[PDB]
Structure formats: structure tokens, C-alpha cells
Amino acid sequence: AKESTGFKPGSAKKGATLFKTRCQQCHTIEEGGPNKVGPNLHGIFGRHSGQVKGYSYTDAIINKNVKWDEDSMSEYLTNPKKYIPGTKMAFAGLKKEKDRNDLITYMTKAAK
């Protein structure tokens, strides 16, 4: 389970640098930031998957229709393709809970 074992707040400082070194290659998170390889993530926590305007998503991500929160985000980041088979996000995954917690802490702050 997720709504059992998952998110506990971590370091936003650390999470910002994990976003830079691991996610920035394909995504922006600031308000008004553009879509790149991956879509802009501003407001992601208040949204279902495959909904940013102007981005070409896979049919799988749309169909999955996940309402993003800390728990589903934690699962997707662990192994994106295991969580949404057919997704085109090419990211090996963040296997350590500590790393995922730092990153999500950062993301929930920056995406609002």
C-alpha cells in the first residue's frame, strides 16, 4: 500500500537538486513554464494524468487517469513503466524511499 507506506516530508533543499539532476532534462515545474520532452508539472498535484494542454501524451497515461498525489507520485517514480505500462517517460526510477520523499517534498512546494 501507499496510503500506509510512502510519503513523510523530507528535505525540500535536497529535493530541488534531485529535480535538477534527474527531471529538469525533460520537465519544467514553474508557473507558465513550457512543455519540453515531458509536460510542464506546475499544478500537477491538483490534476489527473495526461491533462496538460498542448502536450502529446501516450494513450496509456491518459487511460490510466491517475489523480496525482504524493502516494501515486511515489509509485510512478519508483518504476514508471511498472506503474503505467506503455508510458513513454524514459526514467530508470528512484528506488530509495528517502530520495523519493525528498523529491516529492520539493515538488509539492514548487508545483503549487
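Numbers follow the displayed sequence, beginning with 1.
Stretches 81 to 89 and 63 to 71 differ in mean CA B factor, with 63 to 71 having the higher one.
Higher mean CA B-factor, judged across 7 to 15 and 92 to 100 from the recorded values: 7 to 15. Among the modelled residues of its chain, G54 has a C-alpha B-factor that falls in the middle third, as given in the PDB entry. Split the chain's modelled residues into thirds by C-alpha temperature factor. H48 is in the middle one.
Among all modelled residues in its chain, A110 ranks in the lowest third by Cα B-factor.
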